[PDB]
Asks: 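Before we start, here is the structure in question, set down as structure tokens.
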Amino acid sequence: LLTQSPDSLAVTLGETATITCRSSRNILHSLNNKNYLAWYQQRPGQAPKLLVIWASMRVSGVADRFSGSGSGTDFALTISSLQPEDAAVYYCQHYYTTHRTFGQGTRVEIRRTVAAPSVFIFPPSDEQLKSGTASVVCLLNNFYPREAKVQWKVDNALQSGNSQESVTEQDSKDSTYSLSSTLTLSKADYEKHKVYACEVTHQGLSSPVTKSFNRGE
Amino acid sequence: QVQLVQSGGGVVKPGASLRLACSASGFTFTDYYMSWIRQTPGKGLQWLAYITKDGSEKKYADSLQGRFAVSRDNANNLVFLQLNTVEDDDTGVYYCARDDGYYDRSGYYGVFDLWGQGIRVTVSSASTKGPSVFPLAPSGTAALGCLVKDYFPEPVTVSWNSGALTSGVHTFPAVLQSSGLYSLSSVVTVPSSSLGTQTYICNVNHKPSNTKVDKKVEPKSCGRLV
Ligand SMILES: OC[C@H]1O[C@H](O)[C@H](O)[C@@H](O)[C@@H]1O
């Protein structure tokens with residue numbers, strides 16, 4: 001069992017990131033003084049790429065800013081002078097036995113100063129309502145950090161279980177996120193109420209922001 | 001030059017079988033073990049199987065209960081993974097990987113130094129279905145979009161104005177709904193001054209259902225005229 005920490009890390013460009021891997025059993029072999037541990041980098045949408053073997057030996061092509069260290073059961077990957085392309089999920093892997101396993105991964109993202117979301121609400125289209133369903137969409141655009149709370153209120157009643165959220169990958173250029181929250185109701189239920197509101201809480205907002213509309217306006 | 005090109009996979013019904021394949025180029029295929037590794041929500045990154053250079057010996061993760069089978073065709077630089085009796089926990093991304101290592105009295109030890117691009121495997125009873133595409137009508141910055149609802153399987157592609165509009169576009173990852181169908185939105189922010197003079201059209205393509213939709217997104221009208 002390999003346990004990485006932290007689960008996620010935000011690092012300012014040019015600064016240093018350190019990821020930890022702890023093994024439940026020693027993987028230092030006394031006879032050759034080697035540690036049977038590898039590190040991998042997985043950029044969004046790509047396969048993992050091998051970076052380090054024997055805990056500290058960079059494989060061909062890997063720059064010195066990626067440094068593996070540790071011994072026995074406690075290992076670390078240090079990324080100095082973090083670059084935009086280093087945002088990725090990093091995994092350790094042991095090969096001390098014939099049953100190789102990976103750690104759970106540590107996600108490294110680019111840190112930036114807080115940016116509040118711009119918030120937009122969309123009523124269902126008349127086209128959709130014809131088909132018997134009503135989707136209401138709340139958009140939170142270009143914010144940082146990723147953590148945000150979105151709550152739906154219908155005629156001031158907090159909704160639960162009838163919305164789903166999606167978040168983008170960190171934007172390559174401005175390092176922000178966007179998030180959609182979609183409330184789904186039957187046409188009949190949608191027409192039972194007037195005020196549709198999404199309430200957004202975010203570190204960048206002094207107090208929650210509410211965007212609303214009245215059905216039919 | 002040196003690469004692994006994966007094919008196969010896709011949708012498979014629960015309890016059915018699926019074949020995955022991997023084509024090697026740029027290196028001496030018969031000098032390497034090959035392995036398969038998957039990534040799933042519940043189990044993370046998981047080694048599944050390896051196969052020796054000549055194909056005569058195979059080793060599997062016991063958690064698979066014998067359901068998977070690896071083989072290789074050295075004459076044609078191919079390696080295969082056959083999934084059997086698939087279950088929902090098998091949904092994920094499957095990778096073939098070159099397995100760089102060595103053997104001793106105690107077993108085989110190796111790292112994965114070259115990987116294929118990954119193939120998505122989706123275990124589901126859902127029938128192929130094209131999306132419904134609905135406008136997210138706008139309103140010094142305005143937001144607009146398209147809701148791409150109720151399709152199966154992944155993926156859909158969304159462009160704006162045939163690809164002429166890329167700045168400010170965010171196409172969200174699909175979410176799986178309780179119906180077993182996917183949904184996503186694509187949004188773009190644009191100058192308010194452009195509404196009514198600039199045309200905005202989302203182009204949605206869902207190849208599995210042969211669906212192509214071009215949806216004009218227009219500012220909502222409030223009068224009796226329109
Ligand atoms: O915001 C980061 C996230 O972006 C999207 O949601 C991706 O689908 C997900 O894999 C990633 O973790």
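Remember, it's 1-based here, ligands and their atoms both numbered in the order they're listed. Below, chain A is the first sequence line, B the second, and so on; all start at residue 1. All values below were derived from every heavy atom in this structure, side-chain atoms included, with hydrogens, water molecules and symmetry-related copies excluded.
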Asks: Say whether B/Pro173, considering both its backbone and side-chain N or O atoms, lies within less than 3.5 Å of an N or O atom on ligand 1.
Replies: no
Asks: Considering all heavy atoms of both residues, which atom of B/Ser186 and which atom of B/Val169 are nearest to each other, and what is their separation?
Replies: OG-CG1, 4.0 Å
Asks: Checking the N or O distance criterion of under 3.5 Å, is ligand 1 in contact with A/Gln170?
Replies: no
Asks: To check your reading of the model: name the closest protein heavy atom to atom 9 (C) of ligand 1, its residue, and the distance in Å.
Replies: A/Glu169 OE2, 3.9 Å
Asks: A/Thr176 and A/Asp171: side-chain donor and acceptor closer than 3.5 Å?
Replies: no
Asks: Keeping the roles fixed (side chain from A/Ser166, backbone from B/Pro173), state whether a donor-acceptor pair exists under 3.5 Å.
Replies: yes
Asks: Can you name the atoms of ligand 1, numbered from 1 with element, that are less than 4.0 Å from a heavy atom of A/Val167?
Replies: 4 (O), 5 (C), 6 (O)
Asks: What protein heavy atom sits nearest atom 1 (O) of ligand 1, and how far off is it?
Replies: A/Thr168 O, 2.7 Å
Asks: Looking at B/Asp150 and B/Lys129, does any basic side-chain N land under 4.0 Å from a carboxylate oxygen?
Replies: no
Asks: So, regarding A/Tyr177 and ligand 1 (criterion: nitrogen or oxygen to nitrogen or oxygen, under 3.5 Å), is there a contact or not?
Replies: no
Asks: Please check if any side-chain donor atom of B/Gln6 sits under 3.5 Å from a side-chain acceptor atom of B/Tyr95, or the reverse.
Replies: no
Asks: Is atom 12 (O) of ligand 1 near the protein, in the sense that some protein heavy atom lies at less than 4.0 Å from it?
Replies: no
Asks: Which heavy atom of A/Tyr95 sits nearest to which heavy atom of A/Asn35, and what is that distance?
Replies: OH-O, 4.2 Å
